[PDB]
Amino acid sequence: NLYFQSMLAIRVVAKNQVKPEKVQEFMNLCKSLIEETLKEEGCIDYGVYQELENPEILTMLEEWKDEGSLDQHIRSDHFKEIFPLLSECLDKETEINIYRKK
């Protein structure tokens, strides 16, 4: 049933604020992270997006089959290696929210 899936699907919004100097380096790190992550079981969509009038606000938008998939994502090798690098690029701590459809 595609309703049941609808109800267990997870979406994360991961909003980053980036150091103007570190943008190119940030982007190169997302490139590898997307390639890897798109190959995982449960990844429905995963992309990085930029707020319109704000070139340095760069958000991660994802959808995962379910909660345990997201759980494998953050326990994965690539996440583990790239997350810390990605974090050196930021003005502030990344602000993350995990949602479900109501």
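Numbers follow the displayed sequence, beginning with 1.
query: Looking only at CA atoms, which has the higher mean B factor in the entry: 85 to 93 or 8 to 16?
result: The deposited B-factors put 85 to 93 ahead on the C-alpha mean.
field: For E36, the third of its chain into which the C-alpha B factor falls
entry: As the PDB entry reports it, the C-alpha B-factor of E36 lands in the highest third of its chain.
- prompt: Looking at the C-alpha B-factor of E51, is it in the lowest, middle or highest third of its chain?
  reply: Answer is middle: the recorded C-alpha B-factor places it there.
CA B-factor ranking of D45, expressed as a third of its chain: Middle third, going by the recorded CA B-factors of the chain.
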